[PDB]
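K.L.:
Below are the structure tokens for one structure; questions will follow.
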Amino acid sequence: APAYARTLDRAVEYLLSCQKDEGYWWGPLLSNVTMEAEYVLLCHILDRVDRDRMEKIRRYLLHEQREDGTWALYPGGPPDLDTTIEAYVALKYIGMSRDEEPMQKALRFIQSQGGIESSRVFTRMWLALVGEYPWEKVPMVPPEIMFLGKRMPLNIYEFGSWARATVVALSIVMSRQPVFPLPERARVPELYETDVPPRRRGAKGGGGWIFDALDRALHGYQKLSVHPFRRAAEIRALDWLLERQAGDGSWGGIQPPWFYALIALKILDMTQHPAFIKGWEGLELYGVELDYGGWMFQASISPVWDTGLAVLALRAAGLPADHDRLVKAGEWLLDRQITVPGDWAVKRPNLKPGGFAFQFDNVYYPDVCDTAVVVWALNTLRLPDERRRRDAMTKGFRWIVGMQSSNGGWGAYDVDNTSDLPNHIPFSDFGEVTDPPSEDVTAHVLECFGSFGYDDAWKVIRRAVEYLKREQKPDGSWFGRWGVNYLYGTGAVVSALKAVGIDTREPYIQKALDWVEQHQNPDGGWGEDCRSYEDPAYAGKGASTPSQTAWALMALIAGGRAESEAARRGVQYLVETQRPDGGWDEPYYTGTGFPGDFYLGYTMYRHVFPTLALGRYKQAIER
Ligand SMILES: CCCCCCCCOCCOCCOCCOCCO
Ligand SMILES: CCCCCCCCOCCOCCOCCOCCO
């Protein structure tokens, strides 16, 4: 048996050993230290500071700090000002003196970059909440935003789902401009002393007279003593949040809206209300005790995604469709299907619910990637209740079809969330504020649809293929919206095109395959650093990683190049780097939350992607 077959066997065993008893897989989702620095400030604001938890956060913050005293958005990344400021503030709050060495190094970096005035809106706002920055200088999000109807400019349904609940809860918070002063010893006036002139970070899409004027007017309005209908607007914001709280207590299964909603409830004197109580208590599910004694808070949690990918990888590796561990995973997945309408129903009010979310319980926010991967995984299994499996797949498939956007692609949560307005408000200087269709999500949908044998005679698929063709870059690659980066998008897109019957001998696909081969590293693997999002010199370039090597391999295998020196060397790379336990290490992030601003380490990718790629490789070589 060739070396790759034994490597595969060991990967399969390792992946099965990671499965939880209930049937799902779930790895920690890594990001950056602003999650934990903001949890420290949240504890301060809510007056619920647990000393033992603070010690573990201190230990984690220091462990994440690099030797030059800075923190980054991803492992090996450039020093990040916003992140370093928040870690410094949380450390001083926990108890480190500004005279300790780690604090001095951090401060030197912070002051070298223009301090607190050069930091993003959310960092200044967290400081305003604790009395360290003026609320008058934070861009206003007025509660009267709730009066804008669904076809009005800047209404909440023009924002992407992850920004929408944030806008609603912050409209309550900014309405009151609450201040929860820090103890004297934790104050940070030193963050205003700068080496260089501070420079305000602006809106990602660029501001403009009308937007600066509106922001100025909203601050002037804020100063008035009477605000007609403001209370009514606040009640709409509160009701909107109360109706949509997720079953785990979060808002949308993600850190920002959750923390801001809890502050909004605190400010409204609702700490004895079940939404606040359950919202507070649910936080522990997202915390992770680390092996070196630290504690972290997950930006989000990925069990459905981890599970659907693991099933696909194990099926590709050779486990039968009725393997008992996969049957258990399949039955667990069937119970996660959502049968109620979510915010997506604003654009699709007659579309029958059938999606899946990322987290365990988040019914109002199913997403296209999880639905595609779960429907596809279910299609590879044989379960005891076949009629239930078929009905689930039909409902999920139909829900994906109904969520297709007008340009032929799919966004993650909504249809046609393409408004250009949210990009120009002062508030939006960080991350993405809208959810337009992207290449990788579209490609995953096509892989799912392709698994049922459909092709571009079906206009849904044809429109999607034309969208991918228009988005292909000049060098032949495809961008990675949610995975790192041109390797991820290129790998997803070529697999998708192959899966729906496109002839991979066409020149545009051959060009993408050559792009993949030209980026292979000397060690035989492929890698792509997160610097790729802001620097063209890093396109398809970085230290090799198991997951990015797997993506490149999948592009080559889908393109008919399994029997090529490039694929042989990639397989050998995976063989040679596999750990004794059958898994792989991956100290670099290969996930993307927001291009340029927020990166993710999906800890299962290093095991599930190599298993998947090696299984596809084996099948291509055997056939
Ligand atoms: C009976 C109450 C009034 C309901 C009438 C609806 C009137 C429509 O709009 C007027 C108020 O809305 C203005 C919104 O504030 C600006 C939005 O967001 C600011 C930038 O983030
Ligand atoms: C603003 C910093 C806090 C970051 C939270 C932003 C949350 C944005 O979503 C990113 C993580 O959640 C993944 C959701 O979408 C689908 C999951 O499948 C993944 C790739 O297609």
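Following the order of the structure tokens, first chain is A, next is B, and so on, with residues numbered from 1 inside each chain and ligands from 1 in the order they appear.
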Excluding same-chain residues fewer than 6 positions from residue A:332, what lies within 8 Å of it counting only C-alpha atoms, as a ChimeraX atom specification?

P.N.:
/A:22-24

K.L.:
Write down as a ChimeraX atom specification the residues belonging to stretch 232-368 of chain A that are assigned helix (DSSP H, G or I) by DSSP computed on the backbone.

P.N.:
/A:232-244,255-267,274-286,303-317,324-336,343-346,368

K.L.:
Would you write out, as a tab-separated table, a table of all residues in chain A that have an atom no more than 6 Å from an atom of ligand 2, listing for each the closest atom pair and the distance in Å to one decimal, considering only C-alpha atoms and all ligand atoms and ordering rows by chain and rising residue number?

P.N.:
residue	atom	partner	partner_atom_place_in_ligand_line	distance
A:162	CA	ligand 2	8 (C)	5.5
A:254	CA	ligand 2	5 (C)	5.6
A:255	CA	ligand 2	3 (C)	5.9
A:256	CA	ligand 2	3 (C)	5.6
A:299	CA	ligand 2	4 (C)	5.6
A:300	CA	ligand 2	12 (O)	5.8
A:358	CA	ligand 2	17 (C)	5.7
A:367	CA	ligand 2	16 (C)	5.6
A:369	CA	ligand 2	21 (O)	5.0
A:370	CA	ligand 2	18 (O)	5.7
A:412	CA	ligand 2	15 (O)	5.9
A:441	CA	ligand 2	21 (O)	5.8
A:482	CA	ligand 2	20 (C)	4.9
A:593	CA	ligand 2	10 (C)	4.3

K.L.:
Store the residues of this selection in a file with N, CA, C and O atoms, as a PDB file, in the first residue's frame.

P.N.:
ATOM      1  N   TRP A 162     -24.268  40.054  10.453  1.00  0.00           N
ATOM      2  CA  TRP A 162     -23.382  40.228  11.595  1.00  0.00           C
ATOM      3  C   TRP A 162     -23.272  41.670  12.016  1.00  0.00           C
ATOM      4  O   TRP A 162     -22.881  41.895  13.162  1.00  0.00           O
ATOM      5  N   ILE A 254     -22.474  35.284  17.689  1.00  0.00           N
ATOM      6  CA  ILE A 254     -21.217  35.974  17.478  1.00  0.00           C
ATOM      7  C   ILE A 254     -21.014  37.018  18.573  1.00  0.00           C
ATOM      8  O   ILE A 254     -21.949  37.638  19.122  1.00  0.00           O
ATOM      9  N   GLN A 255     -19.740  37.242  18.893  1.00  0.00           N
ATOM     10  CA  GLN A 255     -19.385  38.102  20.018  1.00  0.00           C
ATOM     11  C   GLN A 255     -19.906  39.527  20.025  1.00  0.00           C
ATOM     12  O   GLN A 255     -20.428  39.969  21.064  1.00  0.00           O
ATOM     13  N   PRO A 256     -19.771  40.312  18.960  1.00  0.00           N
ATOM     14  CA  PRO A 256     -20.110  41.732  19.019  1.00  0.00           C
ATOM     15  C   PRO A 256     -21.534  42.049  19.419  1.00  0.00           C
ATOM     16  O   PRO A 256     -21.778  42.720  20.431  1.00  0.00           O
ATOM     17  N   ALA A 299     -14.915  33.871  19.128  1.00  0.00           N
ATOM     18  CA  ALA A 299     -15.638  34.904  18.361  1.00  0.00           C
ATOM     19  C   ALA A 299     -16.984  34.380  17.869  1.00  0.00           C
ATOM     20  O   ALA A 299     -17.972  35.103  17.741  1.00  0.00           O
ATOM     21  N   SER A 300     -16.984  33.090  17.527  1.00  0.00           N
ATOM     22  CA  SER A 300     -18.179  32.366  17.186  1.00  0.00           C
ATOM     23  C   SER A 300     -17.926  30.879  17.411  1.00  0.00           C
ATOM     24  O   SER A 300     -16.803  30.583  17.852  1.00  0.00           O
ATOM     25  N   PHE A 358     -24.385  27.862  11.851  1.00  0.00           N
ATOM     26  CA  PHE A 358     -23.031  27.481  12.148  1.00  0.00           C
ATOM     27  C   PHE A 358     -22.887  26.915  13.560  1.00  0.00           C
ATOM     28  O   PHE A 358     -22.079  26.014  13.771  1.00  0.00           O
ATOM     29  N   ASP A 367     -27.061  29.983   7.455  1.00  0.00           N
ATOM     30  CA  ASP A 367     -26.183  30.571   6.461  1.00  0.00           C
ATOM     31  C   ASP A 367     -26.046  29.591   5.300  1.00  0.00           C
ATOM     32  O   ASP A 367     -26.211  28.384   5.441  1.00  0.00           O
ATOM     33  N   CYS A 369     -23.375  28.628   3.462  1.00  0.00           N
ATOM     34  CA  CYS A 369     -22.307  27.647   3.466  1.00  0.00           C
ATOM     35  C   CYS A 369     -22.652  26.408   4.295  1.00  0.00           C
ATOM     36  O   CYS A 369     -22.427  25.282   3.816  1.00  0.00           O
ATOM     37  N   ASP A 370     -23.145  26.656   5.524  1.00  0.00           N
ATOM     38  CA  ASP A 370     -23.515  25.506   6.358  1.00  0.00           C
ATOM     39  C   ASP A 370     -24.661  24.724   5.716  1.00  0.00           C
ATOM     40  O   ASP A 370     -24.638  23.482   5.727  1.00  0.00           O
ATOM     41  N   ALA A 412     -23.611  35.036   2.322  1.00  0.00           N
ATOM     42  CA  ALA A 412     -23.720  34.027   3.386  1.00  0.00           C
ATOM     43  C   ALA A 412     -25.080  33.950   4.053  1.00  0.00           C
ATOM     44  O   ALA A 412     -25.453  32.857   4.470  1.00  0.00           O
ATOM     45  N   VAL A 441     -18.657  31.103  -1.435  1.00  0.00           N
ATOM     46  CA  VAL A 441     -19.984  30.620  -1.014  1.00  0.00           C
ATOM     47  C   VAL A 441     -20.680  30.040  -2.240  1.00  0.00           C
ATOM     48  O   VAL A 441     -21.249  28.953  -2.195  1.00  0.00           O
ATOM     49  N   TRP A 482     -14.110  33.974   2.747  1.00  0.00           N
ATOM     50  CA  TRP A 482     -14.169  33.416   4.099  1.00  0.00           C
ATOM     51  C   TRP A 482     -13.034  32.454   4.441  1.00  0.00           C
ATOM     52  O   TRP A 482     -12.995  31.869   5.540  1.00  0.00           O
ATOM     53  N   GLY A 593     -12.517  36.248   8.607  1.00  0.00           N
ATOM     54  CA  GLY A 593     -13.819  36.751   9.089  1.00  0.00           C
ATOM     55  C   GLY A 593     -14.182  37.980   8.246  1.00  0.00           C
ATOM     56  O   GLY A 593     -15.298  38.118   7.750  1.00  0.00           O
TER      57      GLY A 593
END

K.L.:
Can you work out which residues are within 7 Å of ligand 1, considering only C-alpha atoms and all ligand atoms, and then hand them over as an mmCIF file with C-alpha atoms, in the first residue's frame?

P.N.:
data_model
loop_
_atom_site.group_PDB
_atom_site.id
_atom_site.type_symbol
_atom_site.label_atom_id
_atom_site.label_comp_id
_atom_site.auth_asym_id
_atom_site.auth_seq_id
_atom_site.Cartn_x
_atom_site.Cartn_y
_atom_site.Cartn_z
ATOM 1 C CA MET A 140 -23.579 58.268 16.348
ATOM 2 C CA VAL A 141 -25.945 55.381 15.636
ATOM 3 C CA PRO A 142 -29.357 56.818 16.522
ATOM 4 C CA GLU A 144 -34.410 56.427 15.122
ATOM 5 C CA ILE A 145 -32.718 54.129 12.571
ATOM 6 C CA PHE A 147 -38.056 54.009 11.871
ATOM 7 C CA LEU A 148 -36.505 53.404 8.433
ATOM 8 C CA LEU A 154 -29.478 52.882 5.718
ATOM 9 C CA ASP A 215 -23.016 62.640 11.684
ATOM 10 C CA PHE A 229 -40.222 59.664 19.362
ATOM 11 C CA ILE A 425 -21.021 55.965 7.438
ATOM 12 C CA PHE A 427 -19.228 53.907 12.046
#

K.L.:
For stretch 511-524 of chain A, list every protein, DNA or RNA residue within 9 Å, evaluated using only C-alpha atoms, and leave out those in the same chain fewer than 6 positions away; present the list as an NGL selection string.

P.N.:
:A and (472 or 475-478 or 487 or 490-491 or 494 or 539-544 or 549 or 552-553 or 555-556 or 559 or 561 or 566-574)

K.L.:
Just to be explicit: take each residue in the selection above, keep N, CA, C and O atoms, and write the result as a compact mmCIF listing (two decimals), in the first residue's frame.

P.N.:
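Output contents, as saved in result00.txt:
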# COMPACT_ATOMS: atom_id res chain seq x y z
N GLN A 472 -13.45 35.91 -11.90
CA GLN A 472 -12.08 35.38 -11.98
C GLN A 472 -11.09 36.53 -12.14
O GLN A 472 -11.35 37.52 -12.85
N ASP A 475 -4.98 37.00 -13.08
CA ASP A 475 -3.99 35.93 -13.05
C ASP A 475 -4.63 34.55 -13.09
O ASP A 475 -3.89 33.55 -13.09
N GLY A 476 -5.96 34.43 -13.14
CA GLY A 476 -6.57 33.12 -13.22
C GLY A 476 -7.15 32.64 -11.87
O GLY A 476 -7.90 31.63 -11.85
N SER A 477 -6.82 33.31 -10.78
CA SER A 477 -7.31 32.87 -9.48
C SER A 477 -8.67 33.43 -9.10
O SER A 477 -9.26 34.29 -9.76
N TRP A 478 -9.21 32.90 -7.99
CA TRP A 478 -10.44 33.45 -7.43
C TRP A 478 -10.18 33.85 -5.96
O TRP A 478 -9.54 33.09 -5.23
N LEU A 487 -5.75 30.73 -2.83
CA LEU A 487 -5.74 29.28 -2.81
C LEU A 487 -7.11 28.72 -2.43
O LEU A 487 -7.61 27.72 -2.99
N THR A 490 -9.70 29.69 -5.24
CA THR A 490 -9.39 28.95 -6.45
C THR A 490 -9.72 27.47 -6.27
O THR A 490 -10.34 26.86 -7.15
N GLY A 491 -9.35 26.89 -5.15
CA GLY A 491 -9.63 25.49 -4.88
C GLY A 491 -11.14 25.26 -4.84
O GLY A 491 -11.59 24.26 -5.43
N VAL A 494 -12.62 25.75 -8.69
CA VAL A 494 -12.36 24.64 -9.63
C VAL A 494 -13.12 23.41 -9.20
O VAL A 494 -13.78 22.77 -10.06
N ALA A 539 -0.18 37.19 -2.88
CA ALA A 539 -1.23 36.36 -3.50
C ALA A 539 -0.71 34.94 -3.65
O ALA A 539 0.38 34.70 -4.19
N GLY A 540 -1.39 33.96 -3.05
CA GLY A 540 -1.00 32.58 -3.06
C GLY A 540 0.35 32.30 -2.41
O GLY A 540 0.98 31.30 -2.79
N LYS A 541 0.82 33.15 -1.50
CA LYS A 541 2.16 33.00 -0.96
C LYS A 541 2.19 33.03 0.58
O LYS A 541 1.60 33.93 1.14
N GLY A 542 2.91 32.10 1.17
CA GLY A 542 3.05 32.04 2.64
C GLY A 542 3.68 30.71 3.03
O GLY A 542 3.88 29.83 2.19
N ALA A 543 3.97 30.53 4.32
CA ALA A 543 4.47 29.24 4.77
C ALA A 543 3.41 28.20 4.39
O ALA A 543 2.22 28.46 4.48
N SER A 544 3.85 27.00 4.01
CA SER A 544 2.93 25.91 3.72
C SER A 544 2.11 25.56 4.95
O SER A 544 2.61 25.57 6.09
N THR A 549 -2.54 23.44 1.48
CA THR A 549 -2.01 22.40 0.60
C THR A 549 -3.20 21.53 0.14
O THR A 549 -3.33 21.21 -1.04
N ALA A 552 -5.21 23.43 -2.56
CA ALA A 552 -4.50 23.42 -3.86
C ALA A 552 -4.61 22.04 -4.51
O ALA A 552 -4.93 21.89 -5.68
N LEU A 553 -4.39 20.99 -3.73
CA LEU A 553 -4.51 19.62 -4.19
C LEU A 553 -5.89 19.34 -4.77
O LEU A 553 -6.06 18.75 -5.83
N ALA A 555 -7.94 21.53 -6.00
CA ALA A 555 -8.06 22.21 -7.30
C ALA A 555 -7.42 21.33 -8.38
O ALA A 555 -8.03 21.04 -9.42
N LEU A 556 -6.21 20.82 -8.14
CA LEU A 556 -5.50 20.01 -9.14
C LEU A 556 -6.21 18.70 -9.48
O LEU A 556 -6.26 18.29 -10.65
N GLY A 559 -9.31 19.36 -11.50
CA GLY A 559 -8.91 19.79 -12.82
C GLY A 559 -8.26 18.70 -13.67
O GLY A 559 -7.73 19.01 -14.74
N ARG A 561 -5.54 16.88 -12.85
CA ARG A 561 -4.11 16.80 -12.65
C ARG A 561 -3.70 16.03 -11.40
O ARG A 561 -2.61 16.27 -10.86
N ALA A 566 3.24 18.10 -9.41
CA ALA A 566 2.74 19.05 -8.40
C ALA A 566 1.85 18.33 -7.39
O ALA A 566 2.12 18.44 -6.18
N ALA A 567 0.87 17.54 -7.85
CA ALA A 567 0.01 16.81 -6.92
C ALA A 567 0.79 15.75 -6.16
O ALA A 567 0.61 15.61 -4.93
N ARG A 568 1.71 15.01 -6.84
CA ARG A 568 2.51 14.04 -6.12
C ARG A 568 3.32 14.66 -4.99
O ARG A 568 3.46 14.07 -3.91
N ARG A 569 3.90 15.82 -5.24
CA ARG A 569 4.70 16.51 -4.23
C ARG A 569 3.81 17.05 -3.10
O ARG A 569 4.20 16.91 -1.94
N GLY A 570 2.62 17.54 -3.40
CA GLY A 570 1.68 17.98 -2.36
C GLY A 570 1.26 16.83 -1.46
O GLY A 570 1.19 16.96 -0.22
N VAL A 571 0.99 15.66 -2.07
CA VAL A 571 0.60 14.47 -1.30
C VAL A 571 1.77 14.05 -0.43
O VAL A 571 1.61 13.80 0.77
N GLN A 572 2.99 14.09 -0.98
CA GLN A 572 4.17 13.68 -0.22
C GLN A 572 4.34 14.65 0.95
O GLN A 572 4.61 14.19 2.04
N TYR A 573 4.20 15.96 0.72
CA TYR A 573 4.26 16.95 1.78
C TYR A 573 3.30 16.61 2.92
O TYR A 573 3.66 16.67 4.10
N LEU A 574 2.06 16.25 2.59
CA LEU A 574 1.10 15.87 3.64
C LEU A 574 1.56 14.61 4.36
O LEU A 574 1.48 14.51 5.59

K.L.:
Which residues of stretch 129-231 of chain A have any atom within 12 Å of an atom in stretch 82-88 of chain A when counting only C-alpha atoms, and what is the closest pair of atoms for each, with the distance in Å to one decimal? Order the rows by chain and rising number and write it as a tab-separated table.

P.N.:
residue	atom	partner	partner_atom	distance
A:186	CA	A:88	CA	10.2
A:187	CA	A:88	CA	11.0
A:188	CA	A:88	CA	9.0
A:189	CA	A:85	CA	12.0
A:190	CA	A:85	CA	10.9
A:191	CA	A:85	CA	7.8
A:192	CA	A:85	CA	10.9
A:201	CA	A:82	CA	10.9

K.L.:
Output N, CA and C atoms for every residue in that selection, as an mmCIF file, in the first residue's frame.

P.N.:
data_model
loop_
_atom_site.group_PDB
_atom_site.id
_atom_site.type_symbol
_atom_site.label_atom_id
_atom_site.label_comp_id
_atom_site.auth_asym_id
_atom_site.auth_seq_id
_atom_site.Cartn_x
_atom_site.Cartn_y
_atom_site.Cartn_z
ATOM 1 N N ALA A 186 -6.658 51.929 36.975
ATOM 2 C CA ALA A 186 -6.757 51.307 35.667
ATOM 3 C C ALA A 186 -6.942 52.338 34.556
ATOM 4 N N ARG A 187 -6.992 53.625 34.882
ATOM 5 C CA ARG A 187 -7.195 54.640 33.844
ATOM 6 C C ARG A 187 -5.980 54.667 32.906
ATOM 7 N N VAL A 188 -6.214 55.030 31.636
ATOM 8 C CA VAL A 188 -5.156 54.987 30.633
ATOM 9 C C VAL A 188 -4.971 56.279 29.851
ATOM 10 N N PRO A 189 -4.716 57.413 30.512
ATOM 11 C CA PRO A 189 -4.454 58.674 29.844
ATOM 12 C C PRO A 189 -3.191 58.588 29.016
ATOM 13 N N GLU A 190 -2.253 57.690 29.337
ATOM 14 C CA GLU A 190 -1.045 57.487 28.562
ATOM 15 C C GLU A 190 -1.287 57.069 27.128
ATOM 16 N N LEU A 191 -2.458 56.541 26.760
ATOM 17 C CA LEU A 191 -2.766 56.151 25.402
ATOM 18 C C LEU A 191 -3.048 57.355 24.490
ATOM 19 N N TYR A 192 -3.156 58.554 25.031
ATOM 20 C CA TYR A 192 -3.284 59.746 24.215
ATOM 21 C C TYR A 192 -1.909 60.411 23.945
ATOM 22 N N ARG A 201 -9.348 57.123 11.592
ATOM 23 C CA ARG A 201 -9.569 56.049 10.633
ATOM 24 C C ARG A 201 -10.954 56.335 10.038
#

K.L.:
Can you tell me which residues surround stretch 25-32 of chain A at a distance of at most 9 Å, considering only C-alpha atoms, apart from same-chain residues fewer than 2 positions away, and format the answer as an mmCIF file with N, CA and C atoms, in the first residue's frame?

P.N.:
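Result file is out.cif:
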data_model
loop_
_atom_site.group_PDB
_atom_site.id
_atom_site.type_symbol
_atom_site.label_atom_id
_atom_site.label_comp_id
_atom_site.auth_asym_id
_atom_site.auth_seq_id
_atom_site.Cartn_x
_atom_site.Cartn_y
_atom_site.Cartn_z
ATOM 1 N N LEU A 15 -9.364 11.672 12.932
ATOM 2 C CA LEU A 15 -10.613 12.441 12.805
ATOM 3 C C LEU A 15 -11.737 11.757 13.558
ATOM 4 N N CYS A 18 -11.714 12.453 17.252
ATOM 5 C CA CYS A 18 -12.104 13.799 17.639
ATOM 6 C C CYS A 18 -13.623 13.936 17.739
ATOM 7 N N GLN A 19 -14.362 12.981 17.190
ATOM 8 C CA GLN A 19 -15.808 13.067 17.201
ATOM 9 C C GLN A 19 -16.364 13.030 18.627
ATOM 10 N N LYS A 20 -17.352 13.899 18.882
ATOM 11 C CA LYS A 20 -17.979 13.855 20.194
ATOM 12 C C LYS A 20 -18.957 12.675 20.201
ATOM 13 N N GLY A 23 -22.080 12.811 18.308
ATOM 14 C CA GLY A 23 -22.034 12.661 16.861
ATOM 15 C C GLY A 23 -21.451 13.831 16.093
ATOM 16 N N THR A 34 -8.911 40.922 21.187
ATOM 17 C CA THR A 34 -9.995 41.871 21.488
ATOM 18 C C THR A 34 -11.223 41.114 21.996
ATOM 19 N N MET A 35 -11.404 39.825 21.678
ATOM 20 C CA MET A 35 -12.581 39.131 22.243
ATOM 21 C C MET A 35 -12.493 39.147 23.774
ATOM 22 N N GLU A 36 -11.320 38.780 24.289
ATOM 23 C CA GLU A 36 -11.126 38.642 25.727
ATOM 24 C C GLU A 36 -10.912 39.987 26.398
ATOM 25 N N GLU A 64 -0.307 35.530 24.265
ATOM 26 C CA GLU A 64 -0.487 35.984 22.884
ATOM 27 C C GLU A 64 0.385 37.172 22.512
ATOM 28 N N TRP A 71 0.336 42.846 19.820
ATOM 29 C CA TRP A 71 -0.545 41.740 19.450
ATOM 30 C C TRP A 71 -0.914 41.938 17.973
ATOM 31 N N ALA A 72 -1.274 40.843 17.313
ATOM 32 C CA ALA A 72 -1.628 40.862 15.908
ATOM 33 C C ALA A 72 -2.990 40.239 15.668
ATOM 34 N N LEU A 73 -3.536 40.403 14.465
ATOM 35 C CA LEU A 73 -4.807 39.825 14.083
ATOM 36 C C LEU A 73 -4.663 38.351 13.739
ATOM 37 N N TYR A 74 -3.442 37.894 13.472
ATOM 38 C CA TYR A 74 -3.172 36.501 13.141
ATOM 39 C C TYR A 74 -1.721 36.151 13.442
ATOM 40 N N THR A 83 -5.930 46.121 18.409
ATOM 41 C CA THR A 83 -5.779 44.958 19.256
ATOM 42 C C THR A 83 -4.844 45.190 20.438
ATOM 43 N N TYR A 286 -19.053 29.621 25.204
ATOM 44 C CA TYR A 286 -18.097 30.080 24.223
ATOM 45 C C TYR A 286 -16.702 30.222 24.819
ATOM 46 N N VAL A 288 -13.145 28.895 26.513
ATOM 47 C CA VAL A 288 -12.317 27.708 26.401
ATOM 48 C C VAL A 288 -11.153 27.809 27.410
ATOM 49 N N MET A 296 -9.971 31.692 26.881
ATOM 50 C CA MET A 296 -10.262 32.542 25.728
ATOM 51 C C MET A 296 -11.769 32.526 25.503
ATOM 52 N N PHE A 297 -12.229 33.476 24.710
ATOM 53 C CA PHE A 297 -13.671 33.565 24.388
ATOM 54 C C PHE A 297 -13.797 33.430 22.874
ATOM 55 N N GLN A 298 -14.580 32.505 22.366
ATOM 56 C CA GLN A 298 -14.645 32.275 20.930
ATOM 57 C C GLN A 298 -15.490 33.345 20.236
ATOM 58 N N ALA A 299 -14.915 33.871 19.128
ATOM 59 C CA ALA A 299 -15.638 34.904 18.361
ATOM 60 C C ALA A 299 -16.984 34.380 17.869
ATOM 61 N N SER A 300 -16.984 33.090 17.527
ATOM 62 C CA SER A 300 -18.179 32.366 17.186
ATOM 63 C C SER A 300 -17.926 30.879 17.411
ATOM 64 N N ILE A 301 -18.887 29.982 17.169
ATOM 65 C CA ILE A 301 -18.589 28.562 17.396
ATOM 66 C C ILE A 301 -19.003 27.786 16.155
ATOM 67 N N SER A 302 -18.205 26.819 15.703
ATOM 68 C CA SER A 302 -18.416 26.152 14.447
ATOM 69 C C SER A 302 -18.829 24.703 14.361
ATOM 70 N N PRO A 303 -19.632 24.154 15.241
ATOM 71 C CA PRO A 303 -19.961 22.742 15.254
ATOM 72 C C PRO A 303 -20.667 22.263 14.019
ATOM 73 N N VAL A 304 -21.621 23.003 13.462
ATOM 74 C CA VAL A 304 -22.284 22.433 12.275
ATOM 75 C C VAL A 304 -21.298 22.299 11.111
ATOM 76 N N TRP A 305 -20.522 23.335 10.910
ATOM 77 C CA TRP A 305 -19.516 23.388 9.831
ATOM 78 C C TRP A 305 -18.470 22.310 10.033
ATOM 79 N N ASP A 306 -17.909 22.233 11.244
ATOM 80 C CA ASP A 306 -16.937 21.155 11.535
ATOM 81 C C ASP A 306 -17.576 19.793 11.242
ATOM 82 N N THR A 307 -18.821 19.583 11.671
ATOM 83 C CA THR A 307 -19.457 18.279 11.458
ATOM 84 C C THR A 307 -19.667 17.954 9.982
ATOM 85 N N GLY A 308 -20.280 18.879 9.231
ATOM 86 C CA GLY A 308 -20.515 18.650 7.805
ATOM 87 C C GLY A 308 -19.207 18.385 7.058
ATOM 88 N N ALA A 310 -16.386 17.168 8.335
ATOM 89 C CA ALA A 310 -15.833 15.878 8.756
ATOM 90 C C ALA A 310 -16.533 14.729 8.043
ATOM 91 N N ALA A 329 -23.620 11.144 13.163
ATOM 92 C CA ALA A 329 -23.386 12.519 12.738
ATOM 93 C C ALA A 329 -24.561 13.002 11.894
ATOM 94 N N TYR A 589 -3.231 31.050 10.525
ATOM 95 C CA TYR A 589 -4.685 31.066 10.313
ATOM 96 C C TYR A 589 -4.980 30.890 8.826
ATOM 97 N N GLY A 593 -12.517 36.248 8.607
ATOM 98 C CA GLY A 593 -13.819 36.751 9.089
ATOM 99 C C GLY A 593 -14.182 37.980 8.246
ATOM 100 N N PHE A 598 -10.057 40.947 10.085
ATOM 101 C CA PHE A 598 -10.406 39.947 11.100
ATOM 102 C C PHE A 598 -10.210 38.557 10.553
ATOM 103 N N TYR A 599 -9.292 37.822 11.179
ATOM 104 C CA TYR A 599 -8.901 36.499 10.695
ATOM 105 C C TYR A 599 -9.213 35.420 11.718
ATOM 106 N N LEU A 600 -9.366 34.208 11.213
ATOM 107 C CA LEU A 600 -9.786 33.083 12.019
ATOM 108 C C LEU A 600 -8.952 31.824 11.846
ATOM 109 N N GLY A 601 -8.732 31.141 12.971
ATOM 110 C CA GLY A 601 -8.041 29.831 12.928
ATOM 111 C C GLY A 601 -9.116 28.773 13.249
ATOM 112 N N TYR A 602 -9.599 28.101 12.224
ATOM 113 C CA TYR A 602 -10.562 27.018 12.343
ATOM 114 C C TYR A 602 -9.698 25.795 12.704
ATOM 115 N N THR A 603 -9.684 25.407 13.973
ATOM 116 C CA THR A 603 -8.741 24.384 14.419
ATOM 117 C C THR A 603 -8.966 23.003 13.848
ATOM 118 N N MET A 604 -10.107 22.679 13.259
ATOM 119 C CA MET A 604 -10.293 21.378 12.628
ATOM 120 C C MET A 604 -9.755 21.368 11.185
ATOM 121 N N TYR A 605 -9.543 22.520 10.556
ATOM 122 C CA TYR A 605 -9.144 22.533 9.142
ATOM 123 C C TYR A 605 -7.880 21.722 8.888
#

K.L.:
Of the candidates A:334, A:363, A:203, A:312, which shows the shortest atom-to-atom distance to residue A:245, using only C-alpha atoms?

P.N.:
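Closest to residue A:245 of all the choices is A:363.
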
K.L.:
Could you jot down the atom CA of residue A:547 to atom CA of residue A:442 separation for me, Å, one decimal place?

P.N.:
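Between atom CA of residue A:547 and atom CA of residue A:442 the gap works out to 19.9 Å.
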
K.L.:
Fewer than 4 positions away in the same chain doesn't count, so skip those; otherwise give me all residues within 8 Å of residue A:283, counting only C-alpha atoms, as a CSV table (one decimal) with N, CA and C atoms, in the first residue's frame.

P.N.:
chain,number,residue,atom,x,y,z
A,249,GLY,N,-28.5,32.1,24.1
A,249,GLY,CA,-28.4,33.3,24.8
A,249,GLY,C,-27.7,34.4,24.0
A,250,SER,N,-27.0,34.0,23.0
A,250,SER,CA,-26.3,35.0,22.2
A,250,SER,C,-27.2,35.8,21.3
A,279,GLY,N,-28.7,35.6,28.4
A,279,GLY,CA,-27.6,36.1,27.6
A,279,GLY,C,-26.3,36.1,28.4
A,287,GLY,N,-16.6,30.0,26.1
A,287,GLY,CA,-15.2,30.1,26.7
A,287,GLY,C,-14.5,28.8,26.6
